[PDB]
>>> print(open('my_file.pdb').read())   # PDB, C-alpha atoms
ATOM      1  CA  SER H   1     -83.691  31.225   6.850
ATOM      2  CA  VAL H   2     -80.251  30.939   8.437
ATOM      3  CA  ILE H   3     -80.830  34.392   9.929
ATOM      4  CA  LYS H   4     -82.298  33.888  13.411
ATOM      5  CA  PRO H   5     -83.845  36.439  15.844
ATOM      6  CA  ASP H   6     -80.871  36.065  18.196
ATOM      7  CA  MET H   7     -77.329  35.507  16.984
ATOM      8  CA  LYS H   8     -73.762  35.732  18.261
ATOM      9  CA  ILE H   9     -70.567  37.476  17.200
ATOM     10  CA  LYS H  10     -66.853  36.637  17.440
ATOM     11  CA  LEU H  11     -64.135  38.824  15.962
ATOM     12  CA  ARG H  12     -60.433  39.555  15.808
ATOM     13  CA  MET H  13     -59.027  42.839  14.585
ATOM     14  CA  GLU H  14     -55.384  43.210  13.670
ATOM     15  CA  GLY H  15     -54.155  46.647  12.752
ATOM     16  CA  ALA H  16     -52.006  49.707  13.200
ATOM     17  CA  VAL H  17     -52.308  53.446  13.736
ATOM     18  CA  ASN H  18     -49.408  55.675  12.671
ATOM     19  CA  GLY H  19     -47.282  52.546  12.303
ATOM     20  CA  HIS H  20     -47.935  51.126  15.757
ATOM     21  CA  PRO H  21     -49.500  47.615  15.724
ATOM     22  CA  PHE H  22     -52.247  46.239  17.944
ATOM     23  CA  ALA H  23     -54.839  43.466  18.071
ATOM     24  CA  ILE H  24     -58.289  43.287  19.613
ATOM     25  CA  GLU H  25     -60.734  40.430  20.029
ATOM     26  CA  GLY H  26     -64.423  40.574  20.753
ATOM     27  CA  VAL H  27     -67.460  38.508  21.585
ATOM     28  CA  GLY H  28     -71.017  39.728  21.270
ATOM     29  CA  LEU H  29     -74.633  39.109  20.356
ATOM     30  CA  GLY H  30     -77.435  40.824  18.518
ATOM     31  CA  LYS H  31     -80.889  40.795  16.990
ATOM     32  CA  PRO H  32     -80.575  41.052  13.166
ATOM     33  CA  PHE H  33     -84.244  41.827  12.576
ATOM     34  CA  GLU H  34     -84.322  44.467  15.321
ATOM     35  CA  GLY H  35     -81.075  46.013  14.122
ATOM     36  CA  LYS H  36     -79.468  45.898  17.560
ATOM     37  CA  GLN H  37     -76.159  44.496  18.800
ATOM     38  CA  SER H  38     -73.664  44.740  21.647
ATOM     39  CA  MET H  39     -70.220  43.296  22.277
ATOM     40  CA  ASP H  40     -67.310  43.140  24.701
ATOM     41  CA  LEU H  41     -63.906  44.005  23.237
ATOM     42  CA  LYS H  42     -60.492  43.209  24.710
ATOM     43  CA  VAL H  43     -57.102  44.572  23.638
ATOM     44  CA  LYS H  44     -54.791  41.566  23.147
ATOM     45  CA  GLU H  45     -51.714  43.270  21.701
ATOM     46  CA  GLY H  46     -50.384  46.822  21.533
ATOM     47  CA  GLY H  47     -51.997  48.115  24.705
ATOM     48  CA  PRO H  48     -52.477  50.544  26.234
ATOM     49  CA  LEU H  49     -53.748  51.950  22.933
ATOM     50  CA  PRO H  50     -52.141  55.365  22.278
ATOM     51  CA  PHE H  51     -55.034  56.687  20.188
ATOM     52  CA  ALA H  52     -58.744  57.458  20.573
ATOM     53  CA  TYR H  53     -60.680  54.180  20.713
ATOM     54  CA  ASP H  54     -63.557  55.794  18.819
ATOM     55  CA  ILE H  55     -61.826  55.495  15.436
ATOM     56  CA  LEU H  56     -62.185  51.714  15.809
ATOM     57  CA  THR H  57     -65.817  51.299  16.809
ATOM     58  CA  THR H  58     -67.621  51.480  13.452
ATOM     59  CA  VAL H  59     -65.301  48.738  12.233
ATOM     60  CA  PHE H  60     -66.388  46.346  15.014
ATOM     61  CA  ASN H  61     -71.903  44.303  10.069
ATOM     62  CA  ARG H  62     -74.967  45.680   8.318
ATOM     63  CA  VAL H  63     -76.767  42.364   8.823
ATOM     64  CA  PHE H  64     -77.599  44.040  12.153
ATOM     65  CA  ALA H  65     -79.916  46.628  10.654
ATOM     66  CA  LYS H  66     -83.700  46.584  10.653
ATOM     67  CA  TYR H  67     -84.781  46.362   7.012
ATOM     68  CA  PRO H  68     -88.434  47.028   6.091
ATOM     69  CA  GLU H  69     -90.049  44.544   3.708
ATOM     70  CA  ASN H  70     -90.102  47.076   0.865
ATOM     71  CA  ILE H  71     -86.311  47.418   0.750
ATOM     72  CA  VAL H  72     -84.041  44.705  -0.625
ATOM     73  CA  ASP H  73     -81.782  43.432   2.173
ATOM     74  CA  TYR H  74     -78.396  42.765   0.565
ATOM     75  CA  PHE H  75     -76.855  41.612   3.833
ATOM     76  CA  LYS H  76     -79.312  39.046   5.175
ATOM     77  CA  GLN H  77     -79.418  37.628   1.644
ATOM     78  CA  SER H  78     -75.650  37.070   1.646
ATOM     79  CA  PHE H  79     -75.739  34.261   4.194
ATOM     80  CA  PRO H  80     -74.919  31.425   4.867
ATOM     81  CA  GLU H  81     -71.925  32.230   2.628
ATOM     82  CA  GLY H  82     -71.482  35.756   3.966
ATOM     83  CA  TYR H  83     -69.972  38.952   2.599
ATOM     84  CA  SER H  84     -67.019  41.270   3.041
ATOM     85  CA  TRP H  85     -66.607  45.030   3.093
ATOM     86  CA  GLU H  86     -63.838  47.562   2.539
ATOM     87  CA  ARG H  87     -63.863  51.104   3.854
ATOM     88  CA  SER H  88     -61.830  54.284   3.811
ATOM     89  CA  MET H  89     -62.460  56.852   6.533
ATOM     90  CA  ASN H  90     -61.198  60.324   5.645
ATOM     91  CA  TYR H  91     -60.839  62.638   8.660
ATOM     92  CA  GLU H  92     -60.846  66.396   8.146
ATOM     93  CA  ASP H  93     -57.314  66.859   9.461
ATOM     94  CA  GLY H  94     -55.778  64.329   7.095
ATOM     95  CA  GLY H  95     -55.873  61.199   9.221
ATOM     96  CA  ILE H  96     -56.933  58.326   6.953
ATOM     97  CA  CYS H  97     -58.108  54.898   8.097
ATOM     98  CA  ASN H  98     -58.612  51.908   5.794
ATOM     99  CA  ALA H  99     -60.427  48.868   7.152
ATOM    100  CA  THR H 100     -61.790  45.555   5.932
ATOM    101  CA  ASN H 101     -63.975  42.835   7.384
ATOM    102  CA  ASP H 102     -64.536  39.343   6.002
ATOM    103  CA  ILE H 103     -67.732  38.027   7.574
ATOM    104  CA  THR H 104     -68.585  34.332   7.731
ATOM    105  CA  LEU H 105     -71.147  32.330   9.689
ATOM    106  CA  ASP H 106     -70.645  29.299  11.905
ATOM    107  CA  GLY H 107     -73.912  28.015  13.310
ATOM    108  CA  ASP H 108     -75.591  30.974  14.996
ATOM    109  CA  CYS H 109     -72.377  32.979  15.241
ATOM    110  CA  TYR H 110     -70.961  35.537  12.814
ATOM    111  CA  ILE H 111     -67.170  35.434  12.533
ATOM    112  CA  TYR H 112     -65.234  38.591  11.627
ATOM    113  CA  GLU H 113     -61.665  38.749  10.317
ATOM    114  CA  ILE H 114     -60.804  42.470  10.517
ATOM    115  CA  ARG H 115     -57.843  44.580   9.374
ATOM    116  CA  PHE H 116     -57.470  48.245  10.369
ATOM    117  CA  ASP H 117     -54.822  50.713   9.221
ATOM    118  CA  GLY H 118     -54.690  54.415  10.023
ATOM    119  CA  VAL H 119     -52.007  56.893   8.993
ATOM    120  CA  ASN H 120     -51.159  60.598   9.135
ATOM    121  CA  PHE H 121     -53.036  61.421  12.319
ATOM    122  CA  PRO H 122     -51.547  64.717  13.580
ATOM    123  CA  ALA H 123     -49.698  64.345  16.887
ATOM    124  CA  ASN H 124     -51.748  67.128  18.460
ATOM    125  CA  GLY H 125     -55.035  66.256  16.793
ATOM    126  CA  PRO H 126     -58.093  64.865  18.648
ATOM    127  CA  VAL H 127     -57.332  61.230  17.827
ATOM    128  CA  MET H 128     -53.735  61.034  19.044
ATOM    129  CA  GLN H 129     -54.594  63.326  21.990
ATOM    130  CA  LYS H 130     -57.671  61.279  22.976
ATOM    131  CA  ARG H 131     -60.109  64.200  22.890
ATOM    132  CA  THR H 132     -63.009  62.381  21.223
ATOM    133  CA  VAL H 133     -66.236  61.855  23.152
ATOM    134  CA  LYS H 134     -68.474  59.810  20.872
ATOM    135  CA  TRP H 135     -69.843  59.477  17.359
ATOM    136  CA  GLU H 136     -73.047  61.376  16.592
ATOM    137  CA  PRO H 137     -75.935  59.314  15.168
ATOM    138  CA  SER H 138     -75.802  59.178  11.364
ATOM    139  CA  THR H 139     -77.567  58.326   8.126
ATOM    140  CA  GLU H 140     -75.677  56.183   5.632
ATOM    141  CA  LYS H 141     -76.593  56.484   1.934
ATOM    142  CA  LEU H 142     -76.469  53.191   0.035
ATOM    143  CA  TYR H 143     -76.397  52.793  -3.734
ATOM    144  CA  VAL H 144     -75.402  50.157  -6.256
ATOM    145  CA  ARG H 145     -72.383  50.428  -8.530
ATOM    146  CA  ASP H 146     -70.886  47.792 -10.824
ATOM    147  CA  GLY H 147     -72.794  44.894  -9.301
ATOM    148  CA  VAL H 148     -71.793  45.656  -5.708
ATOM    149  CA  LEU H 149     -73.196  47.886  -2.979
ATOM    150  CA  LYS H 150     -71.696  51.188  -1.852
ATOM    151  CA  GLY H 151     -72.418  52.997   1.391
ATOM    152  CA  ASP H 152     -71.332  56.566   2.153
ATOM    153  CA  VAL H 153     -71.801  58.489   5.368
ATOM    154  CA  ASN H 154     -70.921  61.882   6.827
ATOM    155  CA  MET H 155     -69.675  61.141  10.328
ATOM    156  CA  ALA H 156     -68.865  63.383  13.267
ATOM    157  CA  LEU H 157     -67.087  62.854  16.563
ATOM    158  CA  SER H 158     -68.089  65.124  19.412
ATOM    159  CA  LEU H 159     -64.967  66.654  20.999
ATOM    160  CA  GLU H 160     -63.906  67.149  24.624
ATOM    161  CA  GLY H 161     -63.459  70.887  24.333
ATOM    162  CA  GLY H 162     -66.777  71.186  22.518
ATOM    163  CA  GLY H 163     -67.329  71.213  18.769
ATOM    164  CA  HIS H 164     -67.090  68.386  16.241
ATOM    165  CA  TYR H 165     -64.437  66.520  14.247
ATOM    166  CA  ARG H 166     -65.630  65.331  10.827
ATOM    167  CA  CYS H 167     -64.905  62.147   8.911
ATOM    168  CA  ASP H 168     -66.269  60.868   5.598
ATOM    169  CA  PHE H 169     -66.882  57.125   5.229
ATOM    170  CA  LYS H 170     -66.838  55.325   1.881
ATOM    171  CA  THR H 171     -67.681  51.626   2.139
ATOM    172  CA  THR H 172     -67.927  48.902  -0.512
ATOM    173  CA  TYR H 173     -70.004  45.810   0.404
ATOM    174  CA  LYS H 174     -69.474  42.558  -1.497
ATOM    175  CA  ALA H 175     -71.677  39.489  -1.075
ATOM    176  CA  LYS H 176     -69.753  36.249  -1.646
ATOM    177  CA  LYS H 177     -72.524  34.971  -3.890
ATOM    178  CA  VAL H 178     -74.819  36.705  -6.349
ATOM    179  CA  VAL H 179     -77.781  38.223  -4.496
ATOM    180  CA  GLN H 180     -80.490  40.676  -5.529
ATOM    181  CA  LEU H 181     -79.220  44.260  -5.556
ATOM    182  CA  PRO H 182     -81.187  46.931  -3.665
ATOM    183  CA  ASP H 183     -82.378  50.309  -4.904
ATOM    184  CA  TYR H 184     -81.134  53.568  -3.357
ATOM    185  CA  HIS H 185     -81.860  53.666   0.376
ATOM    186  CA  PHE H 186     -80.692  54.801   3.801
ATOM    187  CA  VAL H 187     -79.590  53.321   7.102
ATOM    188  CA  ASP H 188     -79.768  55.347  10.317
ATOM    189  CA  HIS H 189     -77.043  54.414  12.795
ATOM    190  CA  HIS H 190     -76.234  55.139  16.407
ATOM    191  CA  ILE H 191     -73.122  53.590  17.903
ATOM    192  CA  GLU H 192     -72.176  53.979  21.567
ATOM    193  CA  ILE H 193     -69.506  52.804  23.983
ATOM    194  CA  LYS H 194     -71.564  51.903  27.061
ATOM    195  CA  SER H 195     -68.661  51.144  29.393
ATOM    196  CA  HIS H 196     -64.879  50.799  29.371
ATOM    197  CA  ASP H 197     -61.965  50.652  31.776
ATOM    198  CA  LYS H 198     -59.359  53.393  32.231
ATOM    199  CA  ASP H 199     -57.158  52.530  29.239
ATOM    200  CA  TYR H 200     -59.885  50.928  27.124
ATOM    201  CA  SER H 201     -58.373  47.440  27.486
ATOM    202  CA  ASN H 202     -62.017  46.433  27.928
ATOM    203  CA  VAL H 203     -64.884  48.067  26.055
ATOM    204  CA  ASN H 204     -68.599  47.320  25.849
ATOM    205  CA  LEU H 205     -69.978  48.582  22.536
ATOM    206  CA  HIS H 206     -73.571  48.959  21.313
ATOM    207  CA  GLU H 207     -75.156  49.842  17.969
ATOM    208  CA  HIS H 208     -78.679  50.068  16.584
ATOM    209  CA  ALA H 209     -79.493  50.660  12.933
ATOM    210  CA  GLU H 210     -82.643  50.889  10.832
ATOM    211  CA  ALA H 211     -83.036  51.150   7.079
ATOM    212  CA  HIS H 212     -85.583  53.386   5.363
ATOM    213  CA  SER H 213     -86.377  54.739   1.905
TER
END
>>> encode(input="my_file.pdb", output="structure tokens")
Amino acid sequence: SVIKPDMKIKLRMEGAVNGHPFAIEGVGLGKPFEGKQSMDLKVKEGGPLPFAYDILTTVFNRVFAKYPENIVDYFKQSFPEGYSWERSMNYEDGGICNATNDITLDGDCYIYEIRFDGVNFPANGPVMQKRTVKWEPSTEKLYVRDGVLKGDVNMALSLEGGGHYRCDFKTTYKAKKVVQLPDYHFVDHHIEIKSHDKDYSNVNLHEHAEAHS
């Protein structure tokens, strides 16, 4: 198998929020079979970012999810060729973010080509006012539709003044080659920013995920 116990990550995100462009690059590593990963992200263009960094984190690869033997693993099956995903993130106050990631593999390193575009975030909302604290752990629901895999998840950002800010994720996963399709299942997620500098020019991000049925 081309999927090894320890692998690397390299990525570049180009995007915009409310019409303002930025670019971020990252380098990381993870354990595909353990469903754990971490990475260091650096803002290359558009800094200091004028919006809450948290809207970007779930965009910075389900290959990093611990899949039990009794569940078909769409993602690990997609390599060496790889897969891509598309996602729309609908926030409760109307902010909408669309993102995509084309994932390839070079040796023991996954390569991500990411696009991120958010619009209509209210000027005095939690995202433009940087009042988000972190994402709560979640459970993604995955199901097949028209030969590809869909993943939906109810997400929530804890807020500075207390309370939560909701967002609904709708993701479409597409293997580059034909692979076996899985039956309905779930993936528990927990993403966390472990460290960052004042203006988030530098961020260390971690995530651990496990599938179940």
>>> residues_around(input="my_file.pdb", residues="residue H:115", least_positions_apart="5", cutoff="8 Å", atoms="all atoms listed in the file", output="VMD selection string")
chain H and resid 13 to 15 99 to 101
>>> axis_aligned_box(input="my_file.pdb", around="stretch 147-159 of chain H", padding_each_side="5 Å", output="lines of an AutoDock Vina configuration file")
center_x = -69.1
center_y = 55.8
center_z = 5.8
size_x = 18.2
size_y = 31.8
size_z = 40.3
>>> resolve_selection(input="my_file.pdb", expression="the PyMOL selection byres ((chain H and resi 109) around 10)", output="count of residues only")
17
>>> closest_residue(input="my_file.pdb", among="H:135, H:173, H:186, H:165", to="residue H:92", atoms="only C-alpha atoms")
H:165
>>> residues_around(input="my_file.pdb", residues="residue H:47", least_positions_apart="4", cutoff="8 Å", atoms="all atoms listed in the file", output="PyMOL selection string")
chain H and resi 22+43+201
>>> atom_distance(input="my_file.pdb", atom1="atom CA of residue H:76", atom2="atom CA of residue H:190")
19.9 Å
>>> closest_residue(input="my_file.pdb", among="H:87, H:31, H:12, H:134", to="residue H:208", atoms="all atoms listed in the file")
H:31
>>> residues_around(input="my_file.pdb", residues="residue H:147", least_positions_apart="5", cutoff="12 Å", atoms="only C-alpha atoms", output="JSON list (two decimals) with C-alpha atoms, in the coordinates of the input")
[["chain", "number", "residue", "atom", "x", "y", "z"],
["H", 74, "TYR", "CA", -78.40, 42.76, 0.56],
["H", 172, "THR", "CA", -67.93, 48.90, -0.51],
["H", 173, "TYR", "CA", -70.00, 45.81, 0.40],
["H", 174, "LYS", "CA", -69.47, 42.56, -1.50],
["H", 175, "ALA", "CA", -71.68, 39.49, -1.08],
["H", 176, "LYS", "CA", -69.75, 36.25, -1.65],
["H", 177, "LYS", "CA", -72.52, 34.97, -3.89],
["H", 178, "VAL", "CA", -74.82, 36.70, -6.35],
["H", 179, "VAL", "CA", -77.78, 38.22, -4.50],
["H", 180, "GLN", "CA", -80.49, 40.68, -5.53],
["H", 181, "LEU", "CA", -79.22, 44.26, -5.56],
["H", 182, "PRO", "CA", -81.19, 46.93, -3.66],
["H", 183, "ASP", "CA", -82.38, 50.31, -4.90]]
>>> closest_residue(input="my_file.pdb", among="H:81, H:24, H:72, H:191", to="residue H:137", atoms="all atoms listed in the file")
H:191
